[PDB]
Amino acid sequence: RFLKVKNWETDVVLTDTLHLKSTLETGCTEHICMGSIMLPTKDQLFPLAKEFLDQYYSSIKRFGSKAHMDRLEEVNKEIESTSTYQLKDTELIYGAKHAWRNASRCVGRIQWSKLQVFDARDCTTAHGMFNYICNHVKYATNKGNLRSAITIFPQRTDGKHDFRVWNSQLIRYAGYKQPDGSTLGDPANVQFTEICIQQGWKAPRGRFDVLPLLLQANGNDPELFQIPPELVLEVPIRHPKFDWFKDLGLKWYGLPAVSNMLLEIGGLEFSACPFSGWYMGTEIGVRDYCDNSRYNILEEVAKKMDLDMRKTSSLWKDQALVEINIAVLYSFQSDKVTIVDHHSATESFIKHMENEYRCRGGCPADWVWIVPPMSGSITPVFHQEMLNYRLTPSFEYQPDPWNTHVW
């Protein structure tokens, strides 16, 4: 109701009032916290539309104005007649930026207002989708000087004509199960890769094969496209001190671009809304490379370092982890491809969070996600109490389409 958050490093206490505007549910109850769980009609629509428009007109400082009332009137009439409504460009842009602003798991939200929004609501075919996506990819990549962007395809209508990007990210590497029983490439993408092979993709069967897009328009069966290779900026990974590091043959792609989430604005649902920023170093060096179920390279790196791997207490894992992360950042920097390390990113988030408290009355934040996956307590977010709640506009998870899709 009126909540305080304390920073335990600095003693600064901040008061949250924004949470009272909270809308969706958390999964938690008074009896059980679920903070660590990864996934915890006309009648319905007008309230959601009114809520959004009220906050929109309030943000442009014309709350209660005739133009405010008129738009509410218009949308209400439009919903009655057509059972949906169309957002104005200005509303679409505002909504997309606020969905990011409200993303409680995102550490990079200091940037939220600088989002480039590409309106793809006029798209009608999977081929159209592919053209829009390549342009997003090229724009965002901008030769290594990355720019945040989102491309928004037509909204859900009757639920039978969804636009969807079947890929979880615009750029990702294939994974293949071997006769061996080992996995080649990215183990996270084994199932998606099979759907591609099944759909007729000619798989190169290497360790770092950029997956094709599988694009669905207007509820139709998805189609396969390959992103022009010259548009997929990649970075070979080397270490500033260890000359052998290059010989592991590691590379990663420069553009992180989530394509499987749903954007809800004013009760409208954009099932295809791929969005992108730039990487925090640990996403690649810690998660992508060191997860047991990902590229899982800790053991190999440690051996080339000649650490004592006999006992865990030598911290050989920790040593190799730091090195992999140094090499990631150094390789992106040397190639002039935007990257942020976890110190500077969390420091920025702490400044962002203070602005949001001061100017908005809060900043919903999921500590489990905001604290980096290594060196947690030496970053300023570790000692920062956070309140996690769900505001709208929002990015939401949605079911993988191959479980939903009738062919």
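Rigid core (definition): largest C-alpha set, two forms, superposition within 1.5 Å. A residue's number is simply how far along the shown sequence it sits, counting from 1.
Could you check whether 102 to 110 or 156 to 164 drifts more from the shown form in 7 other deposited structures of this protein, using RMS Cα distance once the core is superposed?
Between 102 to 110 and 156 to 164, greater C-alpha deviation in 7 other deposited structures of this protein belongs to 156 to 164.
So, in 7 other deposited structures of this protein, taking the root mean square over structures and residues of the Cα distances after a rigid core fit: is 305 to 313 or 250 to 258 the more displaced stretch?
This comes out as 305 to 313, the stretch further from the shown form in 7 other deposited structures of this protein.
Looking at the deposited sequence, how many residues between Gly64 and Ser65 were given no coordinates in the entry: none, 1 to 3, 4 to 9, or 10 or more?
Per the deposited record, the segment joining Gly64 and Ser65 has no missing residues.
Report the stretch with the higher mean CA temperature factor, choosing between 257 to 265 and 152 to 160 on the basis of the entry.
That would be 152 to 160.
Going by the average Cα B-factor in the PDB entry, point out whether 298 to 306 or 101 to 109 comes out higher.
Averaging CA B-factors over each stretch, the winner is 298 to 306.
Could you tell me which one of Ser36, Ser375, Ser348, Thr26 shows the highest CA temperature factor in the PDB record?
Most elevated C-alpha B-factor of the set, per the entry: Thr26.
Just the C-alpha B-factor column, please: which of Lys311, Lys143, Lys251, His136 has the biggest number?
Largest recorded C-alpha B-factor: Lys311.
Mind checking which third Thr17 falls in for C-alpha B-factor across the chain?
Highest third, going by the recorded CA B-factors of the chain.
Split the chain's modelled residues into thirds by Cα B-factor; is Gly206 in the lowest, middle or highest one?
Within its chain, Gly206 is a highest-third residue by C-alpha B-factor, going by the deposited values.
Using the B-factors in the PDB entry, rank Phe382's C-alpha atom against the chain and give the third, lowest, middle or highest.
CA B-factor rank for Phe382: lowest third.
Taking the entry's C-alpha B-factors for this chain, is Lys317 in the lowest, middle or highest third?
Middle third of the chain for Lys317's C-alpha B-factor.
Consider only the C-alpha atoms of the modelled residues in this chain, order them by B-factor as the entry records it, and name the third containing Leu53: lowest, middle or highest.
Ranked within chain, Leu53 CA B lands in the middle tercile.
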